[PDB]
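Before any comments, here is the structure.
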Amino acid sequence: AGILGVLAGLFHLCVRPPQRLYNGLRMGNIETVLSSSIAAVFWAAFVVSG
Amino acid sequence: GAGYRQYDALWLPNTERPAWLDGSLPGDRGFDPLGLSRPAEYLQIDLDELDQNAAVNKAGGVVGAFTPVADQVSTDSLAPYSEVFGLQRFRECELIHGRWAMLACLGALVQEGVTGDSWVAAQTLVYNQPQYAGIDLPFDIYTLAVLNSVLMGXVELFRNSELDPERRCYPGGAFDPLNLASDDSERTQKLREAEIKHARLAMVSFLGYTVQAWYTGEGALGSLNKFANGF
Amino acid sequence: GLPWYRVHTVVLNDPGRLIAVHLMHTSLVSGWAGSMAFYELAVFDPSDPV
Amino acid sequence: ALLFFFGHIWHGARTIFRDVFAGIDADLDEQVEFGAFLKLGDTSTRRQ
Amino acid sequence: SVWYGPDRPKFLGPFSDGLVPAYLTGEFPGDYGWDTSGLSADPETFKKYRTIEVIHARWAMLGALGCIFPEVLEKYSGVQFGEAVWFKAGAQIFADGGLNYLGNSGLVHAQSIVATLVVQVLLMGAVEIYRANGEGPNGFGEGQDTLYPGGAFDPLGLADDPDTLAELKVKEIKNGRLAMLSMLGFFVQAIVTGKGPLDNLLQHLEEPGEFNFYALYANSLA
Amino acid sequence: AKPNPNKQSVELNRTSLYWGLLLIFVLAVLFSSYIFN
Amino acid sequence: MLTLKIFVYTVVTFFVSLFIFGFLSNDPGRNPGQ
Amino acid sequence: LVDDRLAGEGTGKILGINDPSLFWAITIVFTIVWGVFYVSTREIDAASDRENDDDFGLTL
Amino acid sequence: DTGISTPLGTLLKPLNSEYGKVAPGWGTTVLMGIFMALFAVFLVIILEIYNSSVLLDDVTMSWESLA
Ligand code: CLA
Ligand code: CLA
Ligand code: CLA
Ligand SMILES: CCCCCCCCCCCCCCCCCC(=O)OC[C@H](CO[C@@H]1O[C@H](CO)[C@H](O)[C@H](O)[C@H]1O)OC(=O)CCCCCCCCCCCCCCCCC
Ligand SMILES: CC1=C[C@H](O)CC(C)(C)[C@H]1/C=C/C(C)=C/C=C/C(C)=C/C=C/C=C(C)/C=C/C=C(C)/C=C/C1=C(C)C[C@H](O)CC1(C)C
Ligand SMILES: CC1=C(/C=C/C(C)=C/C=C/C(C)=C/C=C/C=C(C)/C=C/C=C(C)/C=C/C2=C(C)CCCC2(C)C)C(C)(C)CCC1
Numbered sequence: 205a206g207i208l209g210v211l212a213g214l215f216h217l218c219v220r221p222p223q224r225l226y227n228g229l230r231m232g233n234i235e236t237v238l239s240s241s242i243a244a245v246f247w248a249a250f251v252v253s254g
Numbered sequence: 065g066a067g068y069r070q071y074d075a076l077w078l079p080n081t082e083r084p085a086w087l088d089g090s091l092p093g094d095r096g097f098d099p100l101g102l103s104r105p106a107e108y109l110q111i112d113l114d115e116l117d118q119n120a121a122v123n124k125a126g127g128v129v130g131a132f133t134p135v136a137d138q139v140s141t142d143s144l145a146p147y148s149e150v151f152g153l154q155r156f157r158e159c160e161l162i163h164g165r166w167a168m169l170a171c172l173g174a175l176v177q178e179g180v181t182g183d184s185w186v187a188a189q190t191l192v193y194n195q196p197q198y199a200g201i202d203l204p205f206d207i208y209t210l211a212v213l214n215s216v217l218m219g220x221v222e223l224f225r226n227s228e229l230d231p232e233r234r235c236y237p238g239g240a241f242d243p244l245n246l247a248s249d250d251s252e253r254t255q256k257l258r259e260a261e262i263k264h265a266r267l268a269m270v271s272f273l274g275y276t277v278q279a280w281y282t283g284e285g286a287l288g289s290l291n292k293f294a295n296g297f
Numbered sequence: 002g003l004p005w006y007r008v009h010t011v012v013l014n015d016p017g018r019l020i021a022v023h024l025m026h027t028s029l030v031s032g033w034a035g036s037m038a039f040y041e042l043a044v045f046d047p048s049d050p051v
Numbered sequence: 459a460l461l462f463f464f465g466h467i468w469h470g471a472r473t474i475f476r477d478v479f480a481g482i483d484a485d486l487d488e489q490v491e492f493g494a495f496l497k498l499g500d501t502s503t504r505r506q
Numbered sequence: 035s036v037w038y039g040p041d042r043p044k045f046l047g048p049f050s051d052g053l054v055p056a057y058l059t060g061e062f063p064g065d066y067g068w069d070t071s072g073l074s075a076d077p078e079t080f081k082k083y084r085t086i087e088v089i090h091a092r093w094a095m096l097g098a099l100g101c102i103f104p105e106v107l108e109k110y111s112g113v114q115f116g117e118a119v120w121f122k123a124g125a126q127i128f129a130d131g132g133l134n135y136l137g138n139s140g141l142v143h144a145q146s147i148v149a150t151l152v153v154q155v156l157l158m159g160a161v162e163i164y165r166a167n168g169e170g171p172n173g174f175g176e177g178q179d180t181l182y183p184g185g186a187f188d189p190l191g192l193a194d195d196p197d198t199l200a201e202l203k204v205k206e207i208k209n210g211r212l213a214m215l216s217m218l219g220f221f222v223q224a225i226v227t228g229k230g231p232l233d234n235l236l237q238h239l240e241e242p243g244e245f246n247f248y249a250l251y252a253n254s255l256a
Numbered sequence: 002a003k004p005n006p007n008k009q010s011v012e013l014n015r016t017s018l019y020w021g022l023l024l025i026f027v028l029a030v031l032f033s034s035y036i037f038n
Numbered sequence: 001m002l003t004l005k006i007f008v009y010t011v012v013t014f015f016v017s018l019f020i021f022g023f024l025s026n027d028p029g030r031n032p033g034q
Numbered sequence: 388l389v390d391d392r393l394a395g396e397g398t399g400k401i402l403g404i405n406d407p408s409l410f411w412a413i414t415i416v417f418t419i420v421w422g423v424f425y426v427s428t429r430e431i432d433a434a435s436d437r438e439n440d441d442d443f444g445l446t447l
Numbered sequence: 013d014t015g016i017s018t019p020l021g022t023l024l025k026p027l028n029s030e031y032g033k034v035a036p037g038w039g040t041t042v043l044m045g046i047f048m049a050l051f052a053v054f055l056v057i058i059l060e061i062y063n064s065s066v067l068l069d070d071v072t073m074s075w076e077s078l079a
């Protein structure tokens with residue numbers, strides 16, 4: 205997972221997001237980051253509880 | 065004029083050179099099926115309205131089309147090049163990768179011949195007990211790790227200080243003591259072609275090395291021996 | 002004025018103060034970890050681990 | 459985890475529906491007329 | 035300045051007015067007016083003697099530091115050389131373990147006297163040919179002073195001002211003359227006492243009125 | 002540097018104060034009965 | 001214990017040398033006098 | 388004995404130095420600070436717009 | 013009113029310079045969808061392994077695998 209994370213981080217450093225995805229997900233807003241992070245953390249909470 | 069055929075040669079017998087590859091670079095074979103060096107076009111999206119004092123806060127629209135100019139080096143120390151997808155930056159990356167791969171291939175072969183250990187187990191053997199050609203070194207592994215990090219960082223920070231994109235690949239000067247390809251002639255072009263071909267061959271060969279050790283569990287000479295003693 | 006449930010939205014468009022409030026949260030979490038460790042050490046009885 | 463599921467739902471709704479956080483437009487009757495446009499909310503498909 | 039011209043200090047104090055020659059006009063560093071034997075009347079021989087003196091000064095400074103360093107590092111430290119005394123440190127090349135740098139069996143570990151001599155001959159001959167010719171490999175160091183080159187030999191740029199350069203020249207020549215006198219002292223002390231330069235200093239400091247040349251060795255020298 | 006342009010003032014009216022006090026005291030009743038055990 | 005002594009000696013001499021060589025650096029000239 | 392200790396209390400050592408390591412630490416740090424201070428004295432003196440002749444200093 | 017200059021801010025400035033730069037069109041959405049599908053398949057496989065809905069020869073899936 206660390207190796208894959210490094211590779212994906214390099215990809216996301218090099219490649220710009222698509223225009224359609226940018227507009228759809230509102231990548232210029234920070235509340236979308238907040239919502240996605242909250243989703244990830246509650247997923248992780250369910251996994252660790254199980 | 066006998067014993068062969070008279071016959074620019076591309077990577078396919080019948081194919082056309084891409085527009086962005088004009089054949090001026092040394093190893094230019096017109097090979098770019100994915101078009102990674104094609105001049106990229108982008109778009110500019112206006113800033114989102116996030117004002118808390120306004121009734122309506124709409125998203126950002128398209129300001130207009132925007133195609134940047136690449137292959138320009140600046141004094142940034144963290145992003146010197148104008149764009150990631152440029153031909154010159156890709157050439158510099160290819161040259162550095164190839165030189166490292168050439169050194170790696172030769173060193174793995176020579177170390178395997180001299181010491182008798184595989185190039186994979188050599189890392190662990192040196193980690194447990196630092197050595198070189200059977201001679202125990204006077205340094206501790208912690209000191210060696212810190213020294214390697216510091217020295218490599220200093221060398222690469224020295225290398226990054228150049229600003230001319232041409233001299234970023236062929237610095238010359240103290241790195242060409244014999245003055246073999248330090249002018250502008252046909253003799254330097256052939257040497258650059260040979261260097262780029264050797265770089266590509268060594269890159270493919272070390273990808274070999276790595277995969278072969280992954281699959282068969284052997285090194286380079288070990289893989290040769292295992293292949294020979296299998297018929 | 003702002004309702005009591007919208008107070009922390011002032012740092013939505015302020016990267017510096019967003020970093021500041023995140024740093025404050027990290028400080029509080031680390032302090033809780035240290036204090037909880039000390040409190041558990043003050044009441045632990047390692048005489049019998051069986 | 460349950461409370462944060464609710465939080466995710468709330469914040470996603472707030473970030474997508476950001477322009478109508480204070481209220482809907484004053485005149486919003488032509489777009490919400492049944493069978494006025496072929497496509498829902500599209501004013502360029504006025505038929506049927 | 036203070037160290038140049040007709041008002042510079044002289045080597046006899048107030049008695050030096052009537053002894054200074056007419057060619058020692060105070061133009062070069064270290065000029066104190068000492069030419070009683072008249073060996074520098076010829077300007078060419080004077081220039082050659084100045085070059086010889088500066089080279090001797092640099093070599094003597096290096097030699098004094100290197101003669102006193104390993105002996106200090108062997109008593110007031112944890113280093114264990116094969117031999118720390120300067121006039122007995124050449125015999126380490128004939129030891130069973132060879133010559134180990136800083137007492138470490140994996141630092142230099144030199145074993146053959148002939149190989150070190152050959153390498154030294156090659157390197158020192160090359161550098162001294164470059165210095166004498168005033169012209170290094172591939173035209174390196176051309177047009178520079180044959181005694182104060184600068185440039186590649188001044189990486190830190192401490193001599194980029196002529197006045198600072200003159201003052202540093204005076205400092206260098208005075209330190210070098212002191213080092214030359216100290217190395218002569220080292221030689222004669224090694225001959226007479228037979229102990230290291232630091233041993234003599236420590237023994238003198240143990241009892242200055244009892245452990246000196248006159249109280250120990252003077253009467254046995256005739 | 003210049004004053005922060007994101008300055009806002011909070012507010013709370015008497016109805017909100019009464020609702021908050023009522024919520025606090027009712028929760029206190031219920032969970033105090035359950036916590037004293 | 002000797003390592004602690006060496007570290008403390010280094011720190012103390014560093015601070016005392018700073019004090020001495022700061023008070024030697026033309027201190028009676030850092031005043032708002034005309 | 389049962390344990391080990393430095394055993395230096397009430398001995399009367401010069402500057403408390405029972406070790407060349409301590410001597411080297413003191414000397415190295417002092418020399419470094421002095422060397423850093425030495426090169427700046429010409430610049431510091433020039434901040435008063437006066438030469439360091441026999442009349443220099445704060446006088447009354 | 014440009015801001016407050018700082019050596020570290022100047023060092024990190026190029027990393028925060030392209031706000032709205034986007035790739036025109038759909039970009040690399042299909043590749044990301046392929047990766048998403050592979051991730052979903054992997055998650056299903058591991059969930060079924062834990063749930064004991066799939067049985068593997070060498071996987072004990074019990075406390076006895078600590079032996
Ligand atoms: C309970 C219903 C639910 C609802 C209504 C929403 C609603 C929303 N989500 Mg959230 N979300 C949920 C659960 C939910 N989510 C879960 C469980 C996760 C996983 C952690 C997420 C993670 C998530 C992310 C990462 C993002 C959102 C965002 C969004 C917004 C729109 C985008 C969206 O449609 O995503 C699609 C949501 C789906 C749940 C539909 C997919 C249906 C799945 C793939 C079913 C496929 C079936 C399955 C493979 C069958 C076999 C399984 C079997 C072996 C058990 C909106 C607020 C997006 C956003 O705009 O945020 C600002 C975004 O960034 N969500
Ligand atoms: C990951 C962290 C996180 C973050 C950074 C935010 C951030 C934000 N939230 Mg969201 N939210 C989250 C998770 C998060 N939320 C979750 C899990 C939920 C579901 C419960 C919500 C539900 C939610 C609502 C319903 C609202 C927001 C709103 C807001 C904004 C203002 C909040 C406010 O000012 O409160 C100020 C809070 C108080 C004055 C006191 C609250 C005290 C609570 C009741 C208990 C005391 C808490 C305790 C000390 C610490 C908690 C422990 C920890 C384990 C959680 C801000 C952008 C507001 C909005 O959208 O603004 C436009 C809003 O209306 N959020
Ligand atoms: C350059 C400075 C210098 C310094 C600091 C020293 C320092 C030392 N010498 Mg050495 N010495 C030197 C040069 C120097 N010497 C020279 C040039 C020679 C050859 C003539 C000698 C030959 C020598 C011998 C034969 C002996 C010493 C010994 C000693 C110790 C003093 C006891 C003694 O009887 O001295 C007497 C000194 C000499 C015979 C000549 C010194 C002449 C120089 C030019 C004087 C430097 C002046 C001095 C620092 C201050 C004035 C004091 C004095 C002149 C009244 C002391 C560690 C003694 C020792 O090791 O005992 C344990 C001892 O046995 N030295
Ligand atoms: C003398 C030059 C002065 C130059 C200028 C000095 C400026 C000073 C600035 C202020 C510094 C104050 C803090 C100093 C801390 C370091 C010292 C320390 O802790 O040492 C503590 C150490 C203790 O050393 C101990 O020794 C033991 C064995 O004896 C063991 O080895 C212990 O392990 C070891 O710690 O003591 C010394 O180093 C001795 C110092 C002796 C100083 C003599 C000075 C002589 C000249 C001055 C005479 C007058 C002095 C004043 C008298 C009247 C006072 C009212
Ligand atoms: C001035 C005048 C004037 C008038 O007119 C006249 C007259 C008088 C003549 C004059 C005078 C003169 C003089 C005095 C001189 C002197 C000199 C000297 C002493 C030198 C030395 C000189 C000296 C010197 C160089 C020295 C050197 C040294 C060295 C290198 C060393 C080395 C080494 C070492 C490190 C260590 C090891 O282990 C060993 C060895 C190897 C050994
Ligand atoms: C200044 C400083 C310092 C100090 C510091 C300190 C001392 C700190 C502390 C800190 C701390 C000491 C902190 C703490 C914190 C805590 C917290 C933050 C907590 C929280 C909690 C909570 C939030 C809870 C909740 C709850 C409840 C109430 C009940 C049940 C449920 C729950 C769980 C929800 C020093 C000198 C070092 C260094 C320099 C600076």
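As given, the protein sequences belong to chains A, B, C, D, E, F, G, H and I, one line each in that order. Using the authors' numbering, the first residue of the first sequence is number 205, and each one after it goes up by one. Read in order, the letters of the second sequence are residues 65 to 71, 74 to 297 in the authors' numbering. Using the authors' numbering, the first residue of the third sequence is number 2, and each one after it goes up by one. Using the authors' numbering, the first residue of the fourth sequence is number 459, and each one after it goes up by one. Using the authors' numbering, the first residue of the fifth sequence is number 35, and each one after it goes up by one. Using the authors' numbering, the first residue of the sixth sequence is number 2, and each one after it goes up by one. Using the authors' numbering, the first residue of the seventh sequence is number 1, and each one after it goes up by one. Using the authors' numbering, the first residue of the eighth sequence is number 388, and each one after it goes up by one. Using the authors' numbering, the first residue of the ninth sequence is number 13, and each one after it goes up by one. All residues carry an ideal CB built from backbone N, CA and C; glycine is no exception.
N- and C-terminal bounds of the beta strand (DSSP E) containing residue i
i         : result
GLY130(B) : 128-132
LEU109(B) : 108-111
Residue range of the alpha helix (DSSP H) that includes residue i
i            : result
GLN223(E)    : 196-226
residue 1(F) : The structure shown has nothing for residue 1(F), since chain F only spans 2 to 38.
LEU393(H)    : Looking at the DSSP string, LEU393(H) is not in any alpha helix (DSSP H), and its letter there is neither H nor E.
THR473(D)    : 460-474
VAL148(E)    : 147-167
Integer-rounded CB distance, given that residue j should sit under 8 Å from residue i
i         : j         : result
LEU192(E) : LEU202(E) : 7 Å
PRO222(A) : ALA52(I)  : Going by Cβ atoms, the distance from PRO222(A) to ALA52(I) rounds to 21 Å, so no, they are not a contact pair.
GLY93(B)  : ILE262(B) : 4 Å
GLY64(E)  : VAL204(E) : 7 Å
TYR147(B) : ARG157(B) : Not a contact, Cβ separation roughly 12 Å.
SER248(B) : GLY238(B) : 5 Å
Residue i beta carbon near ligand 7 (any heavy atom closer than 6 Å)
i         : result
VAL119(E) : You won't find ligand 7 in this model; what it holds is ligand 1, ligand 2, ligand 3, ligand 4, ligand 5 and ligand 6.
The stretch 246-260 of chain B: positions lying closer than 9 Å to chain D by Cβ: Listed in sequence order: no entries.
Near-chain I residues of the stretch 206-223 of chain A (beta-carbon distance less than 8 Å), N- to C-terminal order: Cβ contacts with chain I come from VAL219, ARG220, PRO221, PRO222, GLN223.
Using only Cβ atoms and a threshold of 6 Å, which residues come within that distance of a heavy atom of ligand 6? Order them by chain position. That gives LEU29(C), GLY32(C), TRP33(C), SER36(C).
Give the residues from the stretch 98-127 of chain B that approach chain C closer than 7 Å (Cβ to any Cβ), ordered along the chain. Listed by position, the residues of the stretch 98-127 of chain B near chain C (Cβ gap below 7 Å) are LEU116, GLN118.
Positions along the stretch 6-31 of chain C whose CB lies within less than 9 Å of some CB in chain F: Against chain F - using a Cβ distance shorter than 9 Å - the residues of the stretch 6-31 of chain C are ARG7, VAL8, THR10, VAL11, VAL12, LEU13, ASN14, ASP15, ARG18.
Contact the stretch 43-63 of chain I vs the stretch 230-241 of chain A: 3+ CB pairs below 8 Å: Segments in contact, no.
Check whether the stretch 109-123 of chain E touches the stretch 217-235 of chain E, counting contact only when three or more Cβ pairs, one atom from each stretch, lie closer than 8 Å. With the cut-off at 8 Å, the stretch 109-123 of chain E and the stretch 217-235 of chain E touch.
Interface positions of the stretch 468-498 of chain D facing chain A (Cβ-Cβ less than 8 Å), listed along the chain: Of all residues in the stretch 468-498 of chain D, only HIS469, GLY470, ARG472, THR473, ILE474, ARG476 place a beta-carbon less than 8 Å from a beta-carbon of chain A.
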